[PDB]
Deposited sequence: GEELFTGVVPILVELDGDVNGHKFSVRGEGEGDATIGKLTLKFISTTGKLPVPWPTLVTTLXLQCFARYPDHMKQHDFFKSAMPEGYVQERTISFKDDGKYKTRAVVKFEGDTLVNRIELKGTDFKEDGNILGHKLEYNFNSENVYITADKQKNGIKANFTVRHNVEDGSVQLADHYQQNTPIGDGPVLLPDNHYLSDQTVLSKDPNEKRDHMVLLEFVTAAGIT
């Protein structure tokens, strides 16, 4: 499982979604280098303009590319699930607004790591930050705390994203996360640790479609 990640791995991401009715589709491509925890990706809304702000989709749009230091490598559930992969499910509650429920299947197809995502959002207020598009095109990166869940055979994460709003306010996004492997063989289950995230969003000056360029560095830490 960890042997699949010794080099650069091409990535394909495919997202289908609906939010308060507004359907859309997102396709992403790039590569991951788990030796340095580096993801480089580019995502396009193939259905036209994205009805939600891009920063709201960043956590949904490959934690198997986190760099786990050598003294932590027996805590890396994401790569242990490979190649059969894992199901990643989240509930993303927005304060004073709606919530995203996502379900993702992350596995290898040949040499390409593929993430297939379904997203559904409900109870969104059309004048509020999300549908209003009142959020800034940036990202505040923080730590993801991971705990093992031996009974359900997987892991859980719980974090809160703080989205800057164009008026100086902050729109919070409470994430609950569950990952569960697809194959039947045993997987590594970790002691409590965290993933440290560094995220940079940009734009591709020649890309005419609604998109997002994403550079991420992800490192496990919290065990000495």
Relative to the deposited sequence, which regions have no modelled C-alpha positions in the structure? 62
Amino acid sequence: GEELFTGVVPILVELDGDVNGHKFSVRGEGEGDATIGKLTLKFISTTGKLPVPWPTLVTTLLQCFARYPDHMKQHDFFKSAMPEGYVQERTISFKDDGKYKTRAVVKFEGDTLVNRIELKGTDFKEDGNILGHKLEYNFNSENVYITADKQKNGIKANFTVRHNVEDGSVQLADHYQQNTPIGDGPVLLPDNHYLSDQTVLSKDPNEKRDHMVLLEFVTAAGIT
From here on, numbers count along this sequence of modelled residues.
Read off the CA B-factors in the entry, average them over 206 to 214 and over 8 to 16, and name the higher stretch. 206 to 214
Segment of higher mean CA temperature factor, 28 to 36 or 51 to 59: 51 to 59
Which one of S93, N115, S80, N140 shows the top CA temperature factor in the record? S93
Going by the entry, which of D76, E126, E109, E84 has the most elevated CA B factor? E126
Could you look up the Cα B-factor of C64 in the entry and say which third of the chain it sits in: lowest, middle or highest? lowest
Can you tell me which third, lowest, middle or highest, the CA B-factor of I44 falls into for its chain? middle
Place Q198 in the lowest, middle or highest third of its chain's C-alpha B-factors, as listed in the PDB entry. lowest
